[PDB]
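Just one chain follows, in the form deposited in one PDB entry, and it is written as structure tokens.
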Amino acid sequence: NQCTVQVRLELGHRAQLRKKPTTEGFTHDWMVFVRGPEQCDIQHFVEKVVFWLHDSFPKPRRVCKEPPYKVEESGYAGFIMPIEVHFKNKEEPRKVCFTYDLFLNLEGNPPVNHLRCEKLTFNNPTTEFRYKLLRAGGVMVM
């Protein structure tokens, strides 16, 4: 009737210098992901994650319909990556779009290993979607 459910997402990325021929253009390997915290299963409320890569990549609309929600790639530059997390929700909101700063380690700096923790607050979710948030390890507030 009246209640808020909070769930947690973790977006992150790893990047390092690629050990390859001088004549291979891509300097870096990187990996971007969405996950839950330890012993939460976001798959209960996440229908899919869509990573929107730079237009220069082949098939830059990358869909993960189940875990792991991640893209592994090679490249030569950082970019801003739209990341859409779609919900198993019959009403609004149906999804959330993050603007992810995919930056590389440049000038012989250590590997990048970044995490961005997002808190989602669902006000007054339906019965069915409430159960999914709770199954995923969501918590109620009051």
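Rigid core here is just the name for the largest C-alpha set that superposes within 1.5 Å across the two forms. The first residue of the shown sequence is 1; numbering continues from there. Shifts are known only where both forms have a C-alpha.
- The stretch with the higher mean CA B factor, choosing between 1-9 and 131-139, is 1-9.
- Comparing the deposited coordinates for 18-26 and 120-128, the stretch with the larger average C-alpha B-factor is 18-26.
- Of all the options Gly36, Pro82, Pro68, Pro110, the entry's greatest CA B-factor is assigned to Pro110.
- Out of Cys40, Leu115, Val46, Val96, it is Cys40 whose C-alpha atom has the highest B-factor in the PDB entry.
- In the PDB entry, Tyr100 places in the lowest third of its chain by CA B-factor.
- Among the modelled residues of its chain, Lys59 has a C-alpha B-factor that falls in the highest third, as given in the PDB entry.
- The deposited CA B-factor of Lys88 belongs to the middle third of values across its chain.
- In the PDB entry, a CA B factor belonging to the middle third of its chain's modelled residues is recorded for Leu53.
- When the CA B factors of the chain's modelled residues are split into thirds, the value for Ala77 lands in the middle one.
Below, we refer to the form deposited in another entry, which is not included among the displayed structures.
- Core-superposed comparison between the shown form and the other one: among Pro110, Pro37, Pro82, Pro68, the single residue whose C-alpha moves by 2 Å or more is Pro110.
- Three angstroms is the minimum change: in the other form, the CA atoms of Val112 and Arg35 sit farther apart than in this structure, by 3 Å or more.
- The Cα-Cα distance between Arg14 and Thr22 is shortened by 3 Å or more in the other form relative to the form shown here.
- After fitting on the rigid core, stretches of 3+ residues whose CA atoms all move by 2 angstroms or more between the shown form and the other one lie at 21-24, 106-112.
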